[PDB]
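Asker: Okay, here's the structure, questions in a sec.
The values are calculated or read from the model by the stated rules, or taken from the named source; no laboratory instrument gave them. Cβ coordinates were reconstructed from backbone atoms using ideal geometry, including for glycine residues, and neighbour counts include every protein chain displayed.
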Amino acid sequence: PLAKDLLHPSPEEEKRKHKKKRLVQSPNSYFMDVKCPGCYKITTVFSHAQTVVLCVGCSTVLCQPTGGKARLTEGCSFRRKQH
Amino acid sequence: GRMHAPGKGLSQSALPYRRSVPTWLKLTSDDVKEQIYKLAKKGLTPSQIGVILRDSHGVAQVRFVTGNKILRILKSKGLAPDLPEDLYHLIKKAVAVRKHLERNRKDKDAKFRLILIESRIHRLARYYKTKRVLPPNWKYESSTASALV
Amino acid sequence: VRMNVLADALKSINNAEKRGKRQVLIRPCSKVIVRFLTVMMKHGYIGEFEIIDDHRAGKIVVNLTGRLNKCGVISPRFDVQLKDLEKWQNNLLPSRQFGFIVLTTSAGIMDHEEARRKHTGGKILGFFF
Amino acid sequence: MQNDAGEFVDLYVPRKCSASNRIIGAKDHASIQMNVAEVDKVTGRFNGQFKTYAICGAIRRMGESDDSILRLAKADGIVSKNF
Amino acid sequence: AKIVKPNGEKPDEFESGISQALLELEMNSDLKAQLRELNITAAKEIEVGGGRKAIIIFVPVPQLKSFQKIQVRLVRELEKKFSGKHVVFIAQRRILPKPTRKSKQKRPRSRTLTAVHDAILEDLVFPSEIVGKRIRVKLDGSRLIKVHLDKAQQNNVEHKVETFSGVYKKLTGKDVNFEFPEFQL
RNA sequence: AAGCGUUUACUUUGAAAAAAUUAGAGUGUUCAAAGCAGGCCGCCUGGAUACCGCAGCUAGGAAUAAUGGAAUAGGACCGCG
Ligand SMILES: [Mg+2]
Ligand SMILES: [Mg+2]
């Protein structure tokens with residue numbers, strides 16, 4: 001197509017674009033609240049944690065790093081947050 | 001492209017447009033930096049000080065919560081290293097490779113790499129000397145590099 | 001690497017214009033490119049344009065018409081007097097009626113005709129016709 | 001084309017593509033001059049008026065002629081605004 | 001009198017009206033502790049779109065963050081006093097001239113004209129944060145800034161958008177339009 | 001009105017830069033190449049002007065391109081002993 005609008009893409013085709021190739025840059029990662037089934041405090045964990053995060057008090061461990069998104073241990077509920 | 005490789009990669013970090021502290025983050029600037037100081041006392045380069053802050057504490061970029069970057073915080077307190085950490089890791093790597101070569105000498109490929117690490121040191125060494133962070137007499141010696149890890 | 005950012009804007013505009021596209025995206029934005037594009041508007045060679053403002057060297061979306069033949073940059077930026085201005089437009093412009101040389105002076109970036117009226121030369125940047 | 005006296009010296013003013021806005025040459029045998037009928041609003045019958053579009057041969061070879069026709073008609077109300 | 005004029009002259013009655021319009025607010029409302037250390041520099045009334053007025057309040061930069069901590073509630077309680085006005089807070093910032101060859105230590109980038117205009121705009125709309133910016137350069141040669149605001153805290157500022165364009169036009173001299181994109185945020 | 005006040009590169013300006021040659025003004029060597037002569041019934045007159053890179057000197061302009069400032073403050077102004 002010739003008269004393709006470059007100013008206004010729909011969010012469908014803007015989400016699939018590469019993080020650096022968007023109209024304006026925006027990371028694909030996020031933060032989230034991870035609560036152990038045992039304790040009561042909620043910790044903030046990066047999606048791509050890149051480190052082994054464990055809850056304070058030496059109760060259990062929270063996430064295991066991988067090559068992409070970090071994977072959470074069994075039973076740990078998470079909810080992402082916005083601002 | 002890479003300085004010493006034929007690859008042309010694109011993987012890198014993308015800062016979001018918004019540069020304000022999030023509303024859910026309650027840790028404040030004055031009590032951010034003393035956590036940085038104690039993590040530096042454990043012994044940690046500023047590269048990995050910020051890594052374990054944005055996954056365990058929710059502080060994305062200290063330059064936004066605090067008024068300055070991590071290395072500026074450390075040096076204003078007096079905990080900056082003797083030599084820059086990026087230059088340090090080149091020297092540590094060159095020592096490891098050079099030690100591998102004395103054990104086995106037919107490793108022609110390993111010898112070829114040693115020029116590439118050493119070339120990167122000298123290119124990086126003259127940069128820091130123009131910025132007056134290393135003394136004008138600072139020279140990289142392969143024999144005595146092992147002592148300073 | 002990328003040594004000149006104006007050369008990438010003009011070449012990108014020319015590639016899209018020559019293929020009949022309606023909008024083109026200039027990836028790095030600079031004060032020189034924005035000032036060069038406004039000179040391109042006072043004579044109706046392009047439409048209006050946007051400046052997407054991220055916190056880095058921004059982007060630019062230009063509304064293209066079919067009114068452009070070739071925009072080109074001249075590198076390096078030679079210093080040209082007003083005595084030598086006649087020669088330059090005799091080599092890189094199609095005819096004496098149309099086509100403009102965009103050169104930067106102490107009074108700002110401007111075309112060769114309106115630079116001659118205020119009696120001031122400078123450094124050439126490019127042209128269009 | 002104009003001279004000092006304001007006379008018209010050019011032999012003929014050539015046509016111009018309605019999609020790319022470039023001169024259609026005298027030997028551009030692939031160029032077309034489309035005619036589209038306009039109908040009455042209440043009834044929908046050919047009145048006798050036309051909305052004329054012209055596409056040069058370069059666009060037709062490029063495979064963009066049909067889209068170019070569609071947007072021109074859409075801007076003229078012939079095609080529905082949402083399409 | 002909470003007004004401190006930097007040049008040391010008496011403020012006029014209108015902003016002196018603002019002075020005890022806040023001292024009385026200090027002693028009666030829950031702001032016994034917060035307003036004690038705060039201060040006000042200058043105030044002005046602005047003629048804006050239509051037969052409508054608007055008020056802008058200059059605040060010293062060091063205490064600006066403190067005002068934002070109470071800005072939403074303070075203006076509401078200040079609004080129930082001033083009936084048909086819109087009141088917003090902007091810092092008192094200095095624009096040092098660009099150095100020329102005919103003329104003093106280095107000018108920081110904060111005191112530049114570019115870094116002060118966006119600072120003024122970014123603080124003009126406090127409760128909502130800028131999420132994008134576009135500049136439209138029309139055919140006549142003039143510019144037009146388009147500002148994008150987050151959907152969160154949209155119903156708290158939707159009625160103030162006409163005020164924002166009027167205030168920024170008088171402070172700077174820039175044609176500006178505000179919009180709220182559902183696209184991302 | 002004396003002087004003072006980041007430095008250049010760049011651009012416009014002004015001076016100074018031998019003639020002859022080249023370009024060019026006037027001028028019927030019978031025309032021309034030339035020459036600097038001639039014209040009017042003692043007088044009227046001409047023997048101009050442009051260019052002369054680069055380097056050096058002078059004053060405006062501040063876009064473009066370098067360079068400098070306050071970051072172990074060994075900082076700028078302001079007054080006191
Ligand atoms: Mg190389
Ligand atoms: Mg001579």
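Asker: Restrict the check to the stretch E:101-121 and report whether at least one residue is farther than 20 Å from E:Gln68 by Cα, within 21 Å of the chain's Cα centre (by Cα), more than 16 Å from RNA strand F (Cβ to nearest atom) and of a type outside the set (A, V, I, L, M, F, W, C).
Answerer: There is no residue in the stretch E:101-121 that is farther than 20 Å from E:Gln68 by Cα, within 21 Å of the chain's Cα centre (by Cα), more than 16 Å from RNA strand F (Cβ to nearest atom) and of a type outside the set (A, V, I, L, M, F, W, C).
Asker: Looking only at the stretch D:31-48, how many residues end up being assigned to a loop (DSSP other than H, G, I, E, B) and within 12 Å of D:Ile78 (Cα to Cα)?
Answerer: 3
Asker: Which pairs have Cβ atoms under 6 Å, sit 6 or more apart or on different chains, and link a residue in the stretch A:14-37 that is within 10 Å of chain B (Cβ to nearest Cβ) to one that is among the acidic types (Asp, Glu)?
Answerer: A:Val24/C:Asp54
Asker: A further question follows. Counting only residues that are under 22 Å from C:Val1 (Cβ atoms) and away from RNA strand F (no atom under 16 Å from the Cβ), which one in the stretch C:27-54 is farthest from the other protein chains (Cβ to nearest Cβ)?
Answerer: C:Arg27
Asker: Output the number of residues of the stretch C:108-129 satisfying the condition of being within 15 Å of RNA strand F (Cβ to nearest atom) and not in a strand (DSSP E or B).
Answerer: 9
Asker: So, in the stretch E:35-88, exactly how many residues are in contact with a helix residue (DSSP H, G or I) (Cβ under 7 Å, 6 or more places away or on another chain) and in a loop (DSSP other than H, G, I, E, B)?
Answerer: Residues meeting the conditions: 6.
Asker: Within 30 Å of E:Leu22 (Cα to Cα) and touching a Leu at 6+ places or on another chain (Cβ under 9 Å), is that true of E:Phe164?
Answerer: Answer is yes for this residue.
Asker: What residue, among those in the stretch C:55-69 that are under 22 Å from A:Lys4 (Cβ atoms) and within 14 Å of chain D (Cβ to nearest Cβ), is farthest from RNA strand F (Cβ to nearest atom)?
Answerer: C:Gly66
Asker: Tell me which helices (runs of 4 or more DSSP H) are completely within the stretch C:1-107 and hold 3 or more residues being exposed (fewer than 15 other Cβ atoms within 10 Å of the Cβ) and assigned by CATH to the domain that holds C:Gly126, or say none if there are none.
Answerer: C:85-91
Asker: To continue, here is another question. In this structure, is D:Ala75 under 10 Å from the mean Cα position of the chain (by Cα), within 14 Å of another protein chain (Cβ to nearest Cβ) and within 23 Å of C:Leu64 (Cα to Cα)?
Answerer: Spelling it out, it is not the case that D:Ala75 is under 10 Å from the mean Cα position of the chain (by Cα), within 14 Å of another protein chain (Cβ to nearest Cβ) and within 23 Å of C:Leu64 (Cα to Cα).
Asker: Which of the residues belonging to the stretch E:59-100 are charged (D, E, K, R) and within 16 Å of RNA strand F (Cβ to nearest atom)?
Answerer: Matches in the stretch E:59-100: E:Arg93, E:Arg94, E:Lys98.
Asker: Can you tell me which residue among B:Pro81, B:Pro16 is at the interface with another protein chain (Cβ under 10 Å from one of its Cβ atoms), surrounded by 12 or more Cβ atoms within 10 Å (Cβ to Cβ) and either closer than 30 Å to B:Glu141 by Cα or not small (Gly, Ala, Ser) (or both)?
Answerer: Exactly one of B:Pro81, B:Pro16 is at the interface with another protein chain (Cβ under 10 Å from one of its Cβ atoms), surrounded by 12 or more Cβ atoms within 10 Å (Cβ to Cβ) and either closer than 30 Å to B:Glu141 by Cα or not small (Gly, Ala, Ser) (or both), namely B:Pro16.
Asker: Scan the stretch B:37-48 and tell me whether some residue there is in a loop (DSSP other than H, G, I, E, B) and either within 16 Å of RNA strand F (Cβ to nearest atom) or among the aliphatic types (A, V, I, L, M) (or both).
Answerer: yes
Asker: On to the next question. Could you check how many residues of the stretch E:106-163 are in a helix (DSSP H, G or I) and farther than 21 Å from B:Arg19 by Cβ?
Answerer: Selection size over the stretch E:106-163: 6.
Asker: Checking the structure you have, find out if any residue of the stretch A:34-54 is among the aliphatic types (A, V, I, L, M), part of a loop (DSSP other than H, G, I, E, B) and more than 30 Å from E:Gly132 (Cβ to Cβ).
Answerer: So far as the stretch A:34-54 goes, yes, one or more of its residues are among the aliphatic types (A, V, I, L, M), part of a loop (DSSP other than H, G, I, E, B) and more than 30 Å from E:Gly132 (Cβ to Cβ).
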